[PDB]
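Participant: Pasting a structure below so you can have a look.
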Amino acid sequence: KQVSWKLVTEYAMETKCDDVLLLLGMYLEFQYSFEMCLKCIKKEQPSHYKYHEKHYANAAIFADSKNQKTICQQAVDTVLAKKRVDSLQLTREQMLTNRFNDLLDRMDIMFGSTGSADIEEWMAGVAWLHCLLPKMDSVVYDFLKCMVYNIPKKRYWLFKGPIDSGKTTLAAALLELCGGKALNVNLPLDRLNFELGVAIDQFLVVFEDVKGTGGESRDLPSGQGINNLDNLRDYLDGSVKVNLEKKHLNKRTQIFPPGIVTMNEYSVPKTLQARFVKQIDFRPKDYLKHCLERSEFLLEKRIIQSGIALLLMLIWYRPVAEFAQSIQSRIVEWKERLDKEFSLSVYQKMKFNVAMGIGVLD
Amino acid sequence: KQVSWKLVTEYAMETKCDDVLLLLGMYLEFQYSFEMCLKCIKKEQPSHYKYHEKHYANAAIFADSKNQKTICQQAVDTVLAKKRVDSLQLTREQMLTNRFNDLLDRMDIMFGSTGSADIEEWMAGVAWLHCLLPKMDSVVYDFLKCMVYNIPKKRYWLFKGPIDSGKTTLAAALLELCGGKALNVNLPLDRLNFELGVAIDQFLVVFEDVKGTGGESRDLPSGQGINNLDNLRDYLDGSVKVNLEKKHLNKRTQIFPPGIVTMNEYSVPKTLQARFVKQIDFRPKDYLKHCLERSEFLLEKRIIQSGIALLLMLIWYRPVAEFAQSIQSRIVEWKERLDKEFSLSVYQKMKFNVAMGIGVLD
Amino acid sequence: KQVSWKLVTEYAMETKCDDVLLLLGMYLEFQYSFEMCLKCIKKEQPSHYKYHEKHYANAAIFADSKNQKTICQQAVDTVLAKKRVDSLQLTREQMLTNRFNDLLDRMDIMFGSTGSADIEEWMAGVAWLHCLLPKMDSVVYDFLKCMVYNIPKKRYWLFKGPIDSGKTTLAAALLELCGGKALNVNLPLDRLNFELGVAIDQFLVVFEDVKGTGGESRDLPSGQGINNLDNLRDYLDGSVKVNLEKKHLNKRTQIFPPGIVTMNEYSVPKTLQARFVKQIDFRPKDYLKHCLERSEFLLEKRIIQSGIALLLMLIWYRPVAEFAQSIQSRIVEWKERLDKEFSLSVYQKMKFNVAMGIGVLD
Amino acid sequence: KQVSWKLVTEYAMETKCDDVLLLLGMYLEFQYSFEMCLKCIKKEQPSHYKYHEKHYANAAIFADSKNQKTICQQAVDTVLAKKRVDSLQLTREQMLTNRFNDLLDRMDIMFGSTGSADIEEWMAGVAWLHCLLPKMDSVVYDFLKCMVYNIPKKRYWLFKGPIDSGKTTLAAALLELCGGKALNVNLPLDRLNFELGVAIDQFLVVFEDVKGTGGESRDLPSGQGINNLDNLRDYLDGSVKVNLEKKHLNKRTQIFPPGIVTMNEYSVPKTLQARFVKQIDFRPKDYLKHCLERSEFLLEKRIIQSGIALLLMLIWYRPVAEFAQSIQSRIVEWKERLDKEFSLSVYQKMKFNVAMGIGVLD
Amino acid sequence: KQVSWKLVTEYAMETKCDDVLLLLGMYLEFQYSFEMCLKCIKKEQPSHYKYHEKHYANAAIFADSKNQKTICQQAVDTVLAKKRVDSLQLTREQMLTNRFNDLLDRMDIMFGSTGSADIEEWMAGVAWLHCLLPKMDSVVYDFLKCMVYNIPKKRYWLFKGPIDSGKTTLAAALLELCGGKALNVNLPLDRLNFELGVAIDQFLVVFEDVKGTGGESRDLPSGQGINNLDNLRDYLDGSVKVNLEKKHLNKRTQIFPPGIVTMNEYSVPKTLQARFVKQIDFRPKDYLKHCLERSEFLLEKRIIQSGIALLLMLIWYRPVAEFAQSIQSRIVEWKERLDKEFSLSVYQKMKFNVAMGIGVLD
DNA sequence: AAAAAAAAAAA
DNA sequence: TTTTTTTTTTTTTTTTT
Ligand SMILES: Nc1ncnc2c1ncn2[C@@H]1O[C@H](COP(=O)(O)OP(=O)(O)OP(=O)(O)O)[C@@H](O)[C@H]1O
Ligand SMILES: Nc1ncnc2c1ncn2[C@@H]1O[C@H](COP(=O)(O)OP(=O)(O)OP(=O)(O)O)[C@@H](O)[C@H]1O
Ligand SMILES: Nc1ncnc2c1ncn2[C@@H]1O[C@H](COP(=O)(O)OP(=O)(O)OP(=O)(O)O)[C@@H](O)[C@H]1O
Ligand SMILES: Nc1ncnc2c1ncn2[C@@H]1O[C@H](COP(=O)(O)OP(=O)(O)OP(=O)(O)O)[C@@H](O)[C@H]1O
Ligand SMILES: Nc1ncnc2c1ncn2[C@@H]1O[C@H](COP(=O)(O)OP(=O)(O)OP(=O)(O)O)[C@@H](O)[C@H]1O
């Protein structure tokens, strides 16, 4: 009997693999009988233990086949095809709603009885993040609206300030929340073509620690980054479609994604300053440093850097009426859950600990 | 039964798909049964609900197939072949007529009973654009006729002015109205070969935001853009054919399109400036900014950069004797529809609102 | 009868061949008869004598085949697919535990009755290394813990001091222990992209002898390294996924590996110094030099740089509970072996010899 | 039945088509019944209406085939192969016989169709150039034959005069007649090699504005051009093959092209002056400068520079024996158009008005 | 019958062809009949006359085939696969042992009845070389041992002396004996990386004529070479692995080869002087110069540059037991042959003739 | 030289 | 047509700066 290419494509769709080697590796695990399969018995990874019993019969035939990489290539192109259809046909609010659904699915596993996480650690993260900026939850909500409306020349935000002020921490959390890529523009202009091509079909991009000039009077080293962004200011505008490039592929014509620029305090030419809607000045705070020294699990487990921490901040602080109607059902259920496992008394205690520089937990 | 490759080519020719991945994604949607299709009963996108009933029988067989990307590649090449036949065999006025017939079909769907658009916002769009330049509708009509004549050495218009002047918004509207591509020529000369290859078979080219050198006392950072256009001199003149390149596909020899060049107030070489037939100078106007702040629905729905807004300007201001003969009858239909919806007193009120800097629609 | 592609994939998986030409070369050795096989009689290389009996039948058929490279290519992709699945799905503890199992398998070959090595010469290396830094085994243990936890911005160590001070000796030993690669960031900036591409899917990276400007009055050469390294701030941090490239391959998005910087006495920017957790000052001290003049065998056999010397140092000095539970069984068998053919009275005499500056062995 | 690839190859050779997508598109037009065919009945394009009836049967079978691009690329290779067989065996007079047919096909755009500027002001262009130099039309034919014979040492012509001498206009006109390219030799010696390498595989060259040594006493800006060109004697004389370099490519060996040198009244060194066959002085004429002030369309429709006007001069004045046997019929077929449209008196009026310093009248 | 791919793979392995076109050319010569074959009768090339008789039948069928390049590709792959297995698994002693009996095969052909080499002239070369340095055969034997043992920091030699002293003569002879390649480190430091990439998988490298910077007052040109070697400390020392780069190929990691540095009477920094295990001083000698004038055949046949002359020197002067056991029997046969053709009185007469310049063979 | 996809052989 | 099998060519990288 022959291999069903359909069953492989169906597995790739359910798991969202866009890598041929990953898909080949995963599917070849299903050769062995599930009756004795140690990974299924341990329940270590969901993309194995859910699917092995369904795919065992087909994977045994697949391991005898001669054209295995061709089968996987067709499946990966099917996933990339759906991804491109969805980029052209969905509204940006639906794309964000789909992303929140994915995060909530991961939260159900992570805080379920098979999961590792304790919510007290994650909500201690919410408390630490809310101390970072005045009205943090309003800032996060204002950012989400800005990325959904995608208004020409009113698209990009600037994070500015000295070393260890939290720019990258908040930027990385917002990048996971929305889904997107970080780009390095400090490289010289010639190979910048293939860097920018990483942005194809992405929802956000972040430009990380762009270097300027003249900062040597403050002991900041010079570089090409700000000069390079001046050359790309039609990509920042978003009024008109730009041409984006991958090695050995022809150019994709699309409007470039919105997002965040992170900077140390170099001077910004007025031509770029005209592209930025809002500047957030980060400043370092002594009590936040003292707190992370006592509560190091926040850095080991990457809690303050996670999008799930910012999603929990939104679930806690925002009215239900600010979410899309499809997910309001799931978010009322998650508010009910958080209302059991916390009280305002525990959360206010956590905030008071952080302002004193004490450990978050007690 | 076997797959019909002809049916896939019919779907692709009816939909005008240039992308193999997009065509694959859309045709795979048809594998699910028509009797229950949620997108057919909600009528989300016409490229689905018009065609799914016809194609369900064939898409079931296509989903089992091993050749899927090869089938789509031949369908995409059939559509690209038609574009090359039409580009060489049609007159430029017939091409512009075909562009307007597609824009008007889009307007019929957009302002129909199924439509979402509100025409008062779009005619406020016309009013805002008419304030941007004196005798705007004559500037638009001169451009359209200039691009249809395409006389060698008199093919390019220069848009010049400071950091916020409206030059990009007007170029973007003309680009949708005429069709074309925007190109970035601030990058080094080496990789421009594949950038210029995007101009193959197009009607217009827009060279956006060409950086100059000197004028630095204005606080404009310098760059290679103007030096690159001092090269490429024969592409602008168009008195000769050029070779255009794209990856793996064989190169094509054609006369390069006409276009628009936008730049901030850099000093321009005389050898370049000799090749532009017209300069339009753009000035900041304080009242236009106050107007958009109070009427931001114009930016959210991208009305002031849409080609449809310039076509509605042309329908309103120009006589039917200035349009082509085949399109007369539907322009007569639209021009009566517009006089039925708007009293001239409403348009006069709108234009007075914009000059007064109050919100339009107030 | 026809060639089994399954047996070739099995041999490649057992041997871990990810080079197509090496696999082809190895497998074509099996076409000759097992009985007369001089390599099975001498027992030189284990990759031959363990497997020839099993694969003889299939290798004879493979030698008559017309598509030998197509067969080998699939096997090499199967091995790379396992490697990419393991990178995405294993914990860093498991990765390190697997690496220790591989080194212990090597040690069983080196010190078994077919092997060439003498345990007392390797153990002299441990004594010389334990004299290089104070509390050396705590330093090696702290490093492994740091590389496993991979805490953001707290994950690089700096080795700093004069020339001939032991930096690259120790760094090379740590590199073989953890597995990873050494990078030269002193290159010109446009070569630097492919130099950073060496790090893809590695556990550890080491930056060898980075040079700066200034300090030239100390007779230090000048160089670009520190300037380049300060463009790469976000690669060191590990907060976001960087985009890594190889020649002719599309960009891989992943978190950059942690590791070590080795440096002469330049000054360093605060932007970089904020990214190092620990600075270890290496000082030259002449008893170690006079020792190595007299105990030359340490240099000649490469014992002093090898990771197996550090692993032996961890087995001699650390409690058994500090190793992962799967490997504790082998480590107590090795502690028994070392206590049986080596003694504490010998070890303190070896260390006394090194401190006295005299040849280590009796 | 099955597709005849030979019939497709015959169509490609009869239409002389060397684009694979263009061939695919035009051949797919033949799949419809010729009894009904609107493009035939409208007689729009010869590449359709002649061939449809013959190719209809094959085109219907071709539309069902799965390998359509394979069929078309064999046919395009057949046309490219014929072109290379001819080109490698081409005499230099057959090269010019080909070059002027392309310019004639461009003039057949103003023949019998409104798609062009009015010829009456282009004959004023013929007249105005015939007033620039004594016996202008004989200068053109002597120059043409000089370039066709390629006689060593007898190959370069020198044009001298101040600003506003017309030398650049006639240099442009002669260049655009013949299809060479223009080179700049004012560069420092380090850069000349890539400038000279532009001349590869090319019919003519022009050297523009070679700035001399000294000349400030005539208010002429000094440069290296004359001094450089004196060093290029082996390129100018044309007896031996020079090696020429394009950027990134390997060298080619050929005999360097003939053509034109243009100068202000700098001093020409005797060693360089001996290499020019003929010096033509251009001198400013006040009556021409008044005429062109009174007849702006000469410059603003680019009549005087466009080298097509020099063929339009050769058309009328010159005998029939002065043209090759394969185009003698085609010129007299063209020439009777002007014999019907014009008279000696109106051309004498054109000349007279120019000589009087007024625009053409009556 | 049908082509045996196995017989072609044998021929490629026996000839060691890693070039597909060379193999294709060689194998197609075998289609013509053996009985009449002029190349076999004249015995011009051993790669033909040995094998033609065996392969005639397969070559006749191969000449009719359609797959000819694919058969040759697989055969070339088989040869390259063996080279990589041998590179990764052989001891350095087996590598040199294989290189010697490869040279003994060349010696057999040269000095056989079919050959063209006069052993009296080659033995005169051995005499002239033995007079170049004191204890020459021990110098050569010590060098071989040093390169085989590859002991870190005891693995580079320095050759120093005036121009025309014999340095590249001896260095070139040692390269042919061991195998290896020459390197030019006088390039600027940013062009050096592809030059160092020549060393990949080589047994030796020679640094040819490194120039110093000071000492110009002795008429010695200034250059970068020794300053570049000071920077490459870690490549020479050989304790740790380095990354090496070929054009278009990914970086490979290995311990850089041992070798020779050759220089004029430049000043050496003391840091570099400590990296050489030995320094050999070459001084011009008049009697060798006057001998070479009378014994010109040494230069004209390139005898004194060749590795075969050094191998004849080791065969003549060294005891049998210090060659590897596989080659001892072949060297005993060669010792018998040489003692048959030469007595000690003839050889000491040749040394006596050199020492006073009368001319070796008199 | 490797990757994307084409192009062909035998039942 | 189906399955198994064989083949092409270019871009990128280098070169250039
Ligand atoms: N506002 C803050 N005040 C004090 N310490 C902070 C603050 N934000 C972050 N930290 C600490 O500093 C570490 C680094 O933070 P982060 O990298 O986000 O800063 P950054 O301002 O973006 O830095 P850089 O300019 O180096 O990119 C965090 O892991 C945390 O321990
Ligand atoms: N004439 C104008 N006066 C004042 N504000 C203007 C004017 N035209 C446009 N604006 C404002 O400037 C914004 C940007 O307009 P636009 O993109 O056309 O500017 P531009 O001059 O082309 O810019 P750039 O020089 O950056 O390419 C608009 O969205 C609007 O808010
Ligand atoms: N602490 C030390 N004191 C004295 N000699 C030392 C010391 N450590 C190493 N050595 C000697 O110095 C030699 C070189 O050591 P090593 O390569 O580790 O130096 P390094 O300073 O780290 O080098 P680099 O900066 O060039 O990588 C060793 O082989 C040993 O002989
Ligand atoms: N004989 C003439 N007398 C006066 N004016 C002339 C004459 N011929 C041409 N002109 C006008 O003078 C202009 C400048 O001359 P032209 O274009 O030939 O450049 P040029 O004389 O080579 O000068 P430059 O060295 O400045 O480029 C022409 O374009 C035309 O308008
Ligand atoms: N010791 C010597 N004394 C005199 N003449 C010599 C001696 N060795 C070589 N010769 C002659 O000098 C020529 C040049 O020798 P060789 O190529 O070795 O020169 P080198 O100056 O030492 O090398 P390099 O140019 O690489 O530094 C030889 O071909 C030979 O004719």
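For the structure tokens, the naming scheme is as follows: chains receive sequential letters (A, B, ...) according to their order of presentation, residues are indexed from 1 within each chain, and ligands are indexed from 1 in presentation order.
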Select from segment 107-349 of chain C everything DSSP, run on the backbone, classes as strand (DSSP E), then give the selection as a ChimeraX atom specification.

Facilitator: /C:156-160,180-183,204-210,242-246,249-254,259-263,278-281

Participant: For ligand 1, return the neighbouring residues as number ranges by chain (distance at most 6 Å; only C-alpha atoms (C1' of nucleotides) and all ligand atoms).

Facilitator: A: 132, 162-169, 264, 283-286, 288-289

Participant: Selected residues, N, CA and C atoms, written as an mmCIF file, in the first residue's frame, please.

Facilitator:
data_model
loop_
_atom_site.group_PDB
_atom_site.id
_atom_site.type_symbol
_atom_site.label_atom_id
_atom_site.label_comp_id
_atom_site.auth_asym_id
_atom_site.auth_seq_id
_atom_site.Cartn_x
_atom_site.Cartn_y
_atom_site.Cartn_z
ATOM 1 N N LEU A 132 7.019 49.434 35.510
ATOM 2 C CA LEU A 132 8.037 49.913 34.581
ATOM 3 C C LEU A 132 7.631 51.232 33.926
ATOM 4 N N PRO A 162 18.721 55.453 28.352
ATOM 5 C CA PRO A 162 20.034 54.868 28.660
ATOM 6 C C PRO A 162 20.038 53.370 28.937
ATOM 7 N N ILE A 163 21.249 52.838 29.120
ATOM 8 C CA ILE A 163 21.469 51.408 29.316
ATOM 9 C C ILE A 163 20.667 50.864 30.496
ATOM 10 N N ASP A 164 20.148 49.645 30.325
ATOM 11 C CA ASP A 164 19.364 48.931 31.342
ATOM 12 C C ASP A 164 18.144 49.717 31.825
ATOM 13 N N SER A 165 17.342 50.198 30.878
ATOM 14 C CA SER A 165 16.096 50.894 31.185
ATOM 15 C C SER A 165 14.846 50.103 30.821
ATOM 16 N N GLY A 166 14.979 48.915 30.249
ATOM 17 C CA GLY A 166 13.841 48.054 29.988
ATOM 18 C C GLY A 166 13.281 48.111 28.584
ATOM 19 N N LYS A 167 13.943 48.812 27.667
ATOM 20 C CA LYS A 167 13.446 48.934 26.302
ATOM 21 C C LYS A 167 13.277 47.560 25.659
ATOM 22 N N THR A 168 14.350 46.772 25.654
ATOM 23 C CA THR A 168 14.329 45.451 25.034
ATOM 24 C C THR A 168 13.350 44.513 25.728
ATOM 25 N N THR A 169 13.248 44.608 27.053
ATOM 26 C CA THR A 169 12.283 43.802 27.795
ATOM 27 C C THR A 169 10.855 44.040 27.318
ATOM 28 N N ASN A 264 19.492 53.916 22.165
ATOM 29 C CA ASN A 264 20.171 54.767 23.129
ATOM 30 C C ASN A 264 20.133 56.218 22.644
ATOM 31 N N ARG A 283 13.517 55.290 31.791
ATOM 32 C CA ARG A 283 14.541 55.674 32.745
ATOM 33 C C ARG A 283 14.808 54.546 33.732
ATOM 34 N N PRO A 284 16.067 54.329 34.113
ATOM 35 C CA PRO A 284 16.376 53.256 35.065
ATOM 36 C C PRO A 284 15.912 53.598 36.471
ATOM 37 N N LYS A 285 15.470 52.575 37.195
ATOM 38 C CA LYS A 285 14.933 52.736 38.539
ATOM 39 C C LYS A 285 15.620 51.777 39.498
ATOM 40 N N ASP A 286 16.041 52.300 40.650
ATOM 41 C CA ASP A 286 16.847 51.520 41.585
ATOM 42 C C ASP A 286 16.067 50.359 42.196
ATOM 43 N N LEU A 288 13.563 48.589 41.037
ATOM 44 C CA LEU A 288 13.356 47.479 40.113
ATOM 45 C C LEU A 288 14.585 46.577 40.022
ATOM 46 N N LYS A 289 15.778 47.164 40.043
ATOM 47 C CA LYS A 289 17.010 46.380 40.077
ATOM 48 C C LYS A 289 17.126 45.552 41.354
#

Participant: Taking only C-alpha atoms into account, which residues of chain D are within 12 Å of chain B, as a ChimeraX atom specification?

Facilitator: /D:17-29,39,44-48,60,62-70,72-73,76-77,102-103,106,114-117,176-177,179-182,247-248,299-303,305-308

Participant: Give me, as a compact mmCIF listing (two decimals) with C-alpha atoms (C1' of nucleotides), in the first residue's frame, the residues of chain F touching chain C, with the criterion being at most 12 Å (counting only C-alpha atoms (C1' of nucleotides)).

Facilitator:
# COMPACT_ATOMS: atom_id res chain seq x y z
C1' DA F 1 28.06 24.09 -5.37
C1' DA F 2 23.78 23.63 -3.75
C1' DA F 3 18.58 24.38 -4.29

Participant: Compute the set of chain G residues within 10 Å of chain D, using only C-alpha atoms (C1' of nucleotides), and express it as an MDAnalysis selection string.

Facilitator: chainID G and resid 14:16

Participant: What is the distance between atom CA of residue 124 of chain E and atom CA of residue 342 of chain E, in Å to one decimal?

Facilitator: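 Separating atom CA of residue 124 of chain E from atom CA of residue 342 of chain E is a distance of 11.1 Å.
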